[PDB]
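> Provided herewith is a single structure, encoded as structure tokens, for subsequent inquiry.
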Amino acid sequence: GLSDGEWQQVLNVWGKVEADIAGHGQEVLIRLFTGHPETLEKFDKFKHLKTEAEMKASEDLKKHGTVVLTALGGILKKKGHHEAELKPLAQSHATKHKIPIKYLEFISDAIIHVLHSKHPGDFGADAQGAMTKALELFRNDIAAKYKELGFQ
Ligand code: HEM
């Protein structure tokens with residue numbers, strides 16, 4: 001449950017991401033994969049990436065980063081009214097990709113890390129609070145769908 005002012009902060013922060021969705025998406029995934037190498041194993045199409053240099057050079061990783069952040073941005077712009085947008089992602093990530101909710105926590109924190117890394121001094125405490133709450137809401141609603149599906 002975010003206030004109007006918190007959603008305003010979220011969407012203000014998101015404008016930073018939308019200016020360079022592929023660069024943000026790439027860095028989010030690289031942060032996820034390098035911080036939590038087990039997550040790489042969930043991607044048949046990225047498990048060949050042995051080094052961060054290879055990850056950085058991967059155009060397909062940037063492409064997927066764009067897909068991920070485009071989806072997330074579409075969800076965030078719903079300001080919590082995202083059941084229709086979230087449902088297929090929860091279902092695909094539980095049933096097809098088999099992504100534990102822990103990895104969604106990892107990527108949520110990776111987003112925060114990337115925002116500070118790319119916008120140092122420009123991702124204020126209020127913005128971090130609002131973005132964190134929005135990612136918690138996202139993760140929590142996914143978690144509810146995971147529970148429905150019995151997925152761990
Ligand atoms: C912000 C959180 C995430 C968003 C918005 C997101 C979004 C997406 C989207 C839109 C797709 C393609 C459509 C689909 O298959 O449903 C996808 C595919 C996929 N996602 Fe995610 N995802 C997120 C987090 C994760 C995490 C944390 C993992 C694993 C650690 C993961 C693993 C995968 C895999 C393996 C695929 C299939 C990739 C392929 O083979 O093309 N996702 N994701």
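We name chains A, B, ... following the order of the structure tokens; residues begin at 1 in each chain, and ligands are numbered from 1 as shown.
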Where does chain A meet ligand 1 within 7 Å, residue by residue, with the nearest atom pair and distance in Å to one decimal for each, counting only C-alpha atoms and all ligand atoms, listed by chain and rising number, as CSV?


```
residue,atom,partner,partner_atom_place_in_ligand_line,distance
A:39,CA,ligand 1,30 (C),4.2
A:40,CA,ligand 1,30 (C),6.6
A:42,CA,ligand 1,35 (C),4.9
A:43,CA,ligand 1,35 (C),4.2
A:44,CA,ligand 1,40 (O),6.1
A:45,CA,ligand 1,40 (O),5.8
A:67,CA,ligand 1,10 (C),5.4
A:68,CA,ligand 1,7 (C),4.1
A:69,CA,ligand 1,5 (C),5.9
A:71,CA,ligand 1,5 (C),4.9
A:72,CA,ligand 1,5 (C),4.3
A:88,CA,ligand 1,16 (O),6.4
A:89,CA,ligand 1,16 (O),4.7
A:92,CA,ligand 1,16 (O),4.8
A:93,CA,ligand 1,20 (N),6.2
A:97,CA,ligand 1,35 (C),4.9
A:99,CA,ligand 1,29 (C),5.3
A:103,CA,ligand 1,27 (C),4.5
A:104,CA,ligand 1,27 (C),4.4
A:106,CA,ligand 1,27 (C),6.7
A:107,CA,ligand 1,27 (C),5.2
A:108,CA,ligand 1,1 (C),6.6
```

> Tell me which protein, DNA and RNA residues are within 9 Å of residue 132 (chain A), counting only C-alpha atoms, leaving out same-chain ones fewer than 6 positions away, and put them as number ranges by chain.

A: 10, 108-109, 112

> Considering only C-alpha atoms, state which residue in the set A:137, A:149, A:144, A:55 is at the smallest distance from residue 80 (chain A).

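So, comparing all the options, the nearest one is A:137.
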
> Determine which residues of region 48-128 of chain A receive a DSSP assignment of alpha helix (DSSP H), computed from the backbone, and state them as an NGL selection string.

:A and (52-57 or 59-76 or 83-91 or 101-118 or 125-128)

> Find the residues around residue 77 (chain A) up to 7 Å (only C-alpha atoms counted), leave out those fewer than 3 positions away in its own chain, and share them as a ChimeraX atom specification.

/A:11,73-74

> For the residues selected in the previous step, produce a file with C-alpha atoms as a PDB file, in the first residue's frame.


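out24.pdb was written with the following content:
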```pdb
ATOM      1  CA  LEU A  11       7.285   7.004 -11.163  1.00  0.00           C
ATOM      2  CA  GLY A  73       7.574  -0.499 -15.545  1.00  0.00           C
ATOM      3  CA  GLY A  74       4.186  -1.461 -16.912  1.00  0.00           C
TER       4      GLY A  74
END
```

> May I ask which of the residues A:13, A:48, A:95, A:22 is the closest one to residue 70 (chain A), counting only C-alpha atoms?

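Looking at the shortest contact to residue 70 (chain A), the residue is A:22.
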